[PDB]
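Participant: Sharing a structure, written as structure tokens. Questions coming.
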Amino acid sequence: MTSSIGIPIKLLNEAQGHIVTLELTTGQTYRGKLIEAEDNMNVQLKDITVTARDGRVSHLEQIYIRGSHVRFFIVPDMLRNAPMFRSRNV
Amino acid sequence: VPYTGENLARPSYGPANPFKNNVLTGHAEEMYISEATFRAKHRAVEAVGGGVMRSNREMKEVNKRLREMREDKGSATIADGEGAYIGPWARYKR
Amino acid sequence: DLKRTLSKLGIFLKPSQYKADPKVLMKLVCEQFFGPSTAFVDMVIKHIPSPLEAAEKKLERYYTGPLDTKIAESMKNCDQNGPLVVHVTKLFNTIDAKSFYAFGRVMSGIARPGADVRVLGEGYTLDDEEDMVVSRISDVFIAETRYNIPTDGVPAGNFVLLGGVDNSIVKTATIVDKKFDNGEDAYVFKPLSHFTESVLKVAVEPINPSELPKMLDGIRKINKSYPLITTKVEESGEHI
Amino acid sequence: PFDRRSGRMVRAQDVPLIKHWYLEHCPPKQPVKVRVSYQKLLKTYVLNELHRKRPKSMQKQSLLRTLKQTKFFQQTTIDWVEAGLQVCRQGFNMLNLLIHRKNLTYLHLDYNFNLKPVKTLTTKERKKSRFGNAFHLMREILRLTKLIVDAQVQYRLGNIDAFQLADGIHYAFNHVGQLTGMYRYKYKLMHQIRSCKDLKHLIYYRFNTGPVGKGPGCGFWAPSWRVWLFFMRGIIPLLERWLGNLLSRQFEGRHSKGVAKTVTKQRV
Amino acid sequence: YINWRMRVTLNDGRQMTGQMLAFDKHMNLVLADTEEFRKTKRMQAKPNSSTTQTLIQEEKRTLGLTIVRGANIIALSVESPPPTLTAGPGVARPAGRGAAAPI
Amino acid sequence: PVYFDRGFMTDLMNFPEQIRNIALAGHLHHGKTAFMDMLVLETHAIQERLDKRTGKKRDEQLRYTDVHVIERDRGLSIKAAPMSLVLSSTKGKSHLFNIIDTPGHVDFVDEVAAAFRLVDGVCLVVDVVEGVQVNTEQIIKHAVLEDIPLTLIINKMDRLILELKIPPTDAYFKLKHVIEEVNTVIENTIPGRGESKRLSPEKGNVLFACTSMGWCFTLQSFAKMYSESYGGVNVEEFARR
Amino acid sequence: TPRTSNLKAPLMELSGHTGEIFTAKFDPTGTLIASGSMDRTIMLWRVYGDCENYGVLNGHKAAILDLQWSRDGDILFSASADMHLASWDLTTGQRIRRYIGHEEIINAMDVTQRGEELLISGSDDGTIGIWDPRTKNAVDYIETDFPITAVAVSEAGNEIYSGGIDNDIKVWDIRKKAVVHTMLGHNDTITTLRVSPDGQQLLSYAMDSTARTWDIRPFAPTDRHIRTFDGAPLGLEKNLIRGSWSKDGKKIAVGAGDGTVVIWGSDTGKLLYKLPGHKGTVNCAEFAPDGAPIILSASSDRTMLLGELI
Amino acid sequence: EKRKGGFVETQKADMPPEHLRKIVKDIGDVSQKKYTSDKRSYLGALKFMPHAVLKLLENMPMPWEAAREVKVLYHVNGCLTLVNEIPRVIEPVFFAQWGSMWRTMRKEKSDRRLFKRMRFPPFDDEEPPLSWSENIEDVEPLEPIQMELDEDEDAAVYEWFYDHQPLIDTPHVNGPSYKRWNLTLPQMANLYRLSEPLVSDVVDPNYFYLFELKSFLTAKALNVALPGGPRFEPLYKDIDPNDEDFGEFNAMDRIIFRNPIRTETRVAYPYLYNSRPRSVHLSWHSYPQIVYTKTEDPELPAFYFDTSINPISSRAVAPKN
Amino acid sequence: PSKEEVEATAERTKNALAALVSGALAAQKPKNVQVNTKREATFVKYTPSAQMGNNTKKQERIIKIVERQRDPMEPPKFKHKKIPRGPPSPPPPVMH
RNA sequence: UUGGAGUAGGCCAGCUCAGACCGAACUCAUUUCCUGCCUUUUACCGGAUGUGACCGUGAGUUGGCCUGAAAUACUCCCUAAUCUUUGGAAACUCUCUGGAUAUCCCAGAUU
Ligand SMILES: Nc1nc2c(ncn2[C@@H]2O[C@H](COP(=O)(O)OP(=O)(O)OP(=O)(O)O)[C@@H](O)[C@H]2O)c(=O)[nH]1
Ligand SMILES: [Mg+2]
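Take a look at the structure:
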């Protein structure tokens, strides 16, 4: 069998380069520019605004986030209007 | 308005003339019956034995008596000589 | 046998396509093998700069104005919220060839329809402002050669096709906003530096001397449409 | 089409076999008649492409399919030689029936479609029997058809072999102007005759090189046969109209005046 | 079931609401025009009543498009359904009705 | 009809970092309009109309960006021709490409100059058979003197396989000869720093293509094919080797 | 002679079928018309505006013997002598599906409009098919032993009035699949069966040229027959003539083989109209459902007449 | 459904050929008084005789066929027999068949001692027409012109090459209506080789530079003749230099004269080299040069470094810096 | 007259003249083969009048009329004739 | 992985469209002009200009014919080794913060 990739995973791949806001299993919300996302949803970010559930607001650069420990992501409406949502019949 | 039941019910007054066909021999009107209707009524008049309470089994015996009134069709595996096929060109013996 | 080989590779076609002509079959098998132009897209993304990266180079290479200004900063950062600057260098004539859509690059701002602009010629300076015409951008297209997509606005770092700013442009123009909000002046981009010479010389006159003004208008349109063409009137009254 | 592996089937007359011979440059060292032939064939090709049309044959009914819809026409499969014998017999009987209805039985139509008087004609008879262009063009076309069908009949009887058959067909389609008077009733048929002569020059010169001598034996008849099929294509609407009007006069009479005469030069 | 409106309940007890777009074999949920619900049971102790009414405040916030991690979805509730005539041969004309039609 | 969304294209216009402005430039008839045809047929739904063509016009090349009547009659480009396409990378991310297709005749280098003024990078299309020709040299000189970044597209690999009919080792040598000829013109224009602007397939700025058959690859993308087939290869190291 | 409708003319003629028009029905809003005819087609018209044939539905292999609309006018159902029913989406003009299972000509069909939608069909194999308009397979079928030519659904939605060769209007209960009771009195085969808009009475027209109104409310005497309207002779074609009630229910119309649509008063019994206009038998006569005085008559003339009752 | 017009409808069938044969034999020459009621139609069908001539002559057999059967549409009088066929052919197969005829005919003309041309007309003027049934019907036909094909070399077309409609029962055609074909590579190669006397050698489209339709039309509009091309009546007989007398441009003292511009250049660049270029056509400028050469040695593989190809040297590549 | 009366007149006259134009066209171009595929039947209702000599009523008659299949090869049957034109319509009073 | 909707091939006939390439092919007529040849016409020369016809073609659609096949099948729509569904769980104390505030309780966070 030939391995296909999931639509949310390739949506992360199309979301690379934009200002994504995600949050993680310790209840932590991170904002910034995504620079690489892989099929196991491991991501990096570069201009991170940090809001941790203990009330910790901070800002730093170049973080690595595990896809097992992430909870969800937020991406813009143009990435809603991306071409892969047009189901090309083959 | 001219086709109201009252207007159609009222008749023309006056005594009759003491003294309207478009054909010289009658009245002809263009009509739109069905082809099956015409063919069935024409058949009812045209076939012999019109009406007649008569079932499919006795259809089969009437056809049997007619089919041995007809002559012998032949075998259709003998090309020449006696016994050859004549089929639908068999004479009704009279 | 072909079905066997391509099924080994994982390439599948309809059997009619299998019995198709060799050239169409070859194109179909190449589509199933190589796929689309993702290799070209990767190469260009990796080895060619963004407008956000090449704006500074193109400013220091082709801007006559001072580089330490806020309009220079807006063009350097490709800000779509800044003043409108479009560097028009090509003119594509319309379908009936009655006018010349001005094709250029939006450097800063957003080029949007019904917008009052100043079209600046190749010889516009602060003291000598004869090569400046106030006009209005009337139509804005994304050009697709075979067709045009009319839009409500083309942002910075992009290519725009402008209708309405046509007449004053001869070879190259800089279309700037009417008045910048910082109280700062406008400067033009440098002319094109072509890399061959127009050395072949042809004289024209009309067959109808009454129709000679039509030759003048057509020669103007020719001079607009062809960048390296140069038209003169030699003093014997002969058009060159 | 040899770069293809699939296609649609085309008409046998729509395959030109030597069109690229005259479409490419002429080979070196050719006679002047051959060079002129190459140029005339190019001229016909360029004029065809220049006057290329684009009609709308939509209201088109097929004649043979309408006739097939009727009860008076039936369908069967026969040999081509049988069909040709029938067509030649039918054409002969038609022209003979027309002659006899017009009471011109002092004219004899023979089986090769020659029309001759059987005696010396008076002036009155010569006038009543001066046939016209529609009759005579149809008679010469049936004469050519007879010549072709008769060549096939000779081959099928066994009097000639197949090489002689092909050579005779090629001779006939190249010598229409000598074997008929079809040009005498339609003078643009000289365009068709000239086309066949140009093809004869090209084919002959490329065919009789080296060990192949000069004389009869060339049976490469498809180009000339093509030419006469396309001539027929153009001549059908014209002759079917003309023959229909011949039959209108024969069967309901001539309307003499009534449609007004124009003011010609002699009437000004 | 694609392009219906969905409410998804997540393992700590959250709710993510709105229009869903796609899925995968891992049932990762992408969903658009989202607003989020937190069921925070707040102890709004009134100064006049001694009964501490633990009111489940369902606070909401709009975010946009979600990409929910597939190892986190608990519950999915469906809410609402998603949001060539060639002209014929016929002519129509005024006409009369007839002469008399006697009974 | 297109296979993307034009509103999405306008939003890609709004974000100015994922945009590339490129010009396709090269010698006469080396395949620039044909490369644009490849991209147009990937993005646009016009294959059914091209299939409904019959005869010699069914054999005709599309040439989407040639629209002038001189272009359709003479068969060469004389005007520059811009298009804006939403193309996809190997990772699947849509980008915006503003591409200007330039002429290749040595007379319309004014069109080439105007396009080079507008664009940020130049993809140079070079026929693998003829190699570096006169307008290839002219365009190389102008591009590197204006300091425009340069990538290379070696075209007509079907002419390698089907016309010349040379074995694959000699095909490698032919490709190496063409790439080194391009780099030789680079070096002879800027001595001492052509190595800083070196074009070679192992770096990934050389693309092998056949535009009549609609395919292209880099070594990195071909190693990515090997990665997707056999699983678990290190793609950059494989392409380098 | 006043103007009593928003038509282009007090009477208009719609032509374009190339065969006998066997059925013609109004929209539930009374602005569209679907006509099914023996050229195996359905033609879709707009009555207002001016008039426009806006649709043609093809796909049936034989004559369109009956049709009906949905509750809101987006799905059209039709029974045809190809032994099939069919449902058609009218926004795309395309056949949703076919309902298969009848073994002879499907003479009549009706659609249950209230509660939840159903299809009822009466056919010459002696069957009454109960069809759900989502499955091609029949939910149920009542099995008689005589051909059935007219069917109607009670407003309650679970009784079916069916008449056929046996000259008796048999009222059946669906859930029992069994005959409740037989209204008797007709002498020839019932051609139409229609309930009044208020729902307490049943018009039936048979081939003995008598249009009888019957009672439907459960409290009624042993003889349930209200009245026997006359004035519409069956001609020489044994067609299934389809009458109707007025929207207010005071008028009652059938077609008649002398080309005449005949209208009586359902309460009184007097012949209100005997409108002419057709040269074949008038197979269908339909009052407008929006309360307008518009009458529609469809005949075996390959045309129909749409007039106003001034 | 079987009576959707009032009656049971069936397809029109073919009759026996003996039926048509009996009809024409009975009517003969239309001489017996029985056939007067046919005489008006017979003579009336004369109007349609041109179609019958075209249909027969286009469905005529090819030199490799001894006999051909054709469908005919005949009148029940015996007045008009119309060949109801179109001679539809696979164009590669038809090329190969006539190329094989070219070669076979040339061999026979070199090998025959004396070629006796057959007489025209083949029959006498007063000789009555022959009969199918008594002169042709069952007569043994002679051998048609056919190439001796090769059981091994021409194996790919061996069984079917000279059939009337080749491959009509095989999956290489759409069906008996003979409208679409598909052939294999061995079959196509064998047909190309058999059609070798009549195939164009031209591979480069640059061969027809200034010798193609647009150039011919431009030369016609310019009233000039290309070398080897056709010549026409002028498009514009209006311009003479004496009419274009000494106004401004015709000054021989003003024009610099180099070596002269030719007619081919005037046609190749019609808007630069002509003052009034009306109705001229812009021809295709160039094509990329074809570097394909046909291999003569048949033992050579598909991919090989040909001797005609200039060699690639390591120091010809030479990465310098 | 008003626009509605002018358009009613134009429709009536366009119909009559169009029928004559079709007649003239079919006369000017005979339609190659003079058979029709659309050879459907007309039905006529036929109520008869009495008889020559009988006044007894007799049965109503349905007539199926079809156009006859004529042989497409046939020329027209009858030779045309020259007849002098008939007298005019009765001349009107001379109102001088 | 499925339910929903589908049913073959060949051939014949009709209808509707299609050229900018219906047609990798090629004829005829004719309008208005120009040239030529010509005692008048027809039959002609060869250029322009439009306008018809004829020999053909494709796609869609509808009906029929021929040979099969027959709950078979195909056709579409749609679908336990770490890194994710084969787990560090489950339970609840202690401490801290907030509400209540004398506590109980509860929330958040931590071990
Ligand atoms: N063998 C081969 N020929 C090709 C290929 N691509 C294009 N061609 C041919 O090359 C010729 C010229 O290509 P064009 O499409 O005109 O490309 P171009 O470089 O834009 O030409 P110009 O605009 O004049 O510079 C065309 O006739 C194509 O058929 C290819 O990939 N392989
Ligand atoms: Mg190009």
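Protein chains in written order, with PDB author numbering: chain C, 1 to 90; chain Y, 34 to 52, 69 to 143; chain U, 435 to 674; chain H, 537 to 804; chain V, 14 to 96, 111 to 130; chain D, 146 to 386; chain X, 43 to 352; chain R, 162 to 482; chain Z, 146 to 241. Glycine residues also receive a C-beta, built at the ideal position from the N, C-alpha and C atoms.
Tell me which residues share the same chain as residue 166 of chain D and place their Cβ nearer than 6 Å to its Cβ, disregarding the 5 neighbours each side in the sequence.
Facilitator: 243, 264, 265
Participant: With distance defined between alpha-carbon atoms, name the residue in C/31, C/53, C/36, C/54 nearest to residue 47 of chain C.
Facilitator: For residue 47 of chain C, the closest of C/31, C/53, C/36, C/54 by C-alpha to C-alpha distance is C/31.
Participant: Using the Cβ count rule (16 or more neighbours within 10 Å means buried), how would you classify residue 628 of chain H?
Facilitator: buried
Participant: Residue 213 of chain X to residue 169 of chain X, Cα distance in whole Å?
Facilitator: 14 Å
Participant: What does residue 729 of chain H touch in chain R if you count any residue whose Cβ is under 8 Å from its own?
Facilitator: Neighbours of residue 729 of chain H on chain R: none; closest Cβ ~16 Å, over 8 Å.
Participant: CB residue 295 of chain X to CB residue 285 of chain X, shorter than 8 Å?
Facilitator: yes
Participant: Would you call the CB atoms of residue 21 of chain V and residue 81 of chain V closer than 8 Å?
Facilitator: yes
Participant: So what's residue 180 of chain R in DSSP terms, helix, strand or just coil?
Facilitator: helix
Participant: Please identify the residue among U/661, U/631, U/435 whose C-alpha is closest to the C-alpha of residue 260 of chain D.
Facilitator: Checking every option, the nearest Cα to that of residue 260 of chain D belongs to U/661.
Participant: If the cut-off is 7 Å on Cβ atoms, which residues from the region 303-317 of chain X count as contacting chain Y, listed in chain order?
Facilitator: 312, 313, 314, 315, 316, 317
Participant: Where does the unbroken beta strand (DSSP E) through residue 294 of chain X begin, and where does it stop?
Facilitator: Its beta strand (DSSP E) spans residues 293-298.
Participant: For the alpha helix (DSSP H) that residue 541 of chain H lies in, which residues bound it at each end?
Facilitator: Taken as a continuous stretch (DSSP letters only), residue 541 of chain H belongs to no alpha helix (DSSP H), as it is neither H nor E.
Participant: Hey, residue 558 of chain H and residue 738 of chain H: beta-carbon distance below 8 Å or not?
Facilitator: yes
Participant: Confirm the yes/no value for this check: CB of residue 408 of chain R, any heavy atom of ligand 1, distance under 7 Å.
Facilitator: no
Participant: Which residue wins for smallest C-alpha separation from residue 210 of chain X, given the options X/352, X/116, X/293, X/246?
Facilitator: Here the closest residue by C-alpha is X/246.
Participant: If we cut at 8 Å on Cβ distances, does residue 223 of chain Z have a partner in chain Y?
Facilitator: no
Participant: Considering only DSSP beta bridges, list what residue 566 of chain U is partnered with.
Facilitator: U/554
Participant: Let me confirm a value: residue 598 of chain U is counted as buried when at least 16 other C-beta atoms fall within 10 Å, else exposed. Which label applies?
Facilitator: buried
Participant: Which residue from U/497, U/592, U/464 puts its Cα closest to that of residue 486 of chain U?
Facilitator: U/592
Participant: In terms of alpha-carbon separation, which member of C/7, C/67, C/88 lies closest to residue 44 of chain V?
Facilitator: Proximity to residue 44 of chain V across C/7, C/67, C/88 peaks at C/7, based on C-alpha coordinates.
Participant: Is DSSP giving residue 436 of chain R helix, strand or coil here?
Facilitator: coil
Participant: Rounded to whole angstroms, what's the CA-CA distance from residue 190 of chain R to residue 203 of chain R? Just pull it up for me.
Facilitator: 11 Å
Participant: Give a yes or no on whether 8 Å exceeds the smallest Cβ distance from residue 542 of chain H to chain U.
Facilitator: yes
Participant: Using beta carbons (cut-off 8 Å, strictly below), is residue 318 of chain R in contact with chain D?
Facilitator: no
Participant: Quick one: residues in its chain with C-beta nearer than 6 Å to the C-beta of residue 356 of chain R, no 5 flanking neighbours on either side, listed in chain order?
Facilitator: 256, 257, 260
Participant: Is the closest heavy atom of ligand 1 to the C-beta of residue 329 of chain D under 7 Å?
Facilitator: no
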